[PDB]
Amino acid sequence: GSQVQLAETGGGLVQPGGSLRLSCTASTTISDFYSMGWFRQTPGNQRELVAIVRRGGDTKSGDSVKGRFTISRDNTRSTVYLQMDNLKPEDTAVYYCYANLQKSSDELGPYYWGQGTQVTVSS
C-alpha cells in the first residue's frame, strides 16, 4: 500500500460561542489529492461531512455549520486548517481528518482518515 498518514492537532474543550481551530498535516504532498478536509461523527450518529476542498480550490460543506466553519488548504505545507466559530453544544463530536486520493470518478478512490480528535463544548 501507499501508507498515507494524517496528523490531527488542536481539539480540546471550548465554551458555547467560542472558537476553535483544527489542523491536519499529511505525510506526503497534498497536490494530487482529489479532496481533503474534515468529517465529524457526533456521539451515536453517522459520520457527516463538515468541509472539504478539492484540487481546484472549491469547498464542499454540510448544511449544519453555515456561517461558522471556515476551511483553508495549503499545498506547500501539506496541511488543511479548519476554523469553527459560534460553537454550539450540538457541535460536540469526534472530528476526523479526511483525504480522498481518487485517480478518477470511476473508482471509489483511496480514502484516508485521521485517528479522530475530540471537540467538546459545554458550559
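The numbering used is simple: start at 1 and walk along the sequence shown.
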Completion exercise
As the entry reports it, the stretch among 81 to 89 and 37 to 45 with higher mean C-alpha B factor is 81 to 89
Completion exercise
Higher of the two mean Cα B-factors (27 to 35, 62 to 70; per PDB record) comes from 62 to 70
Problem - residue 100 CA temperature factor, ranked by third within the chain - result: lowest
Completion exercise
residue 114: CA temperature factor from the record, placed by chain third, in the lowest
Handout entry: residue 6 CA temperature factor, ranked by third within the chain
Key = lowest
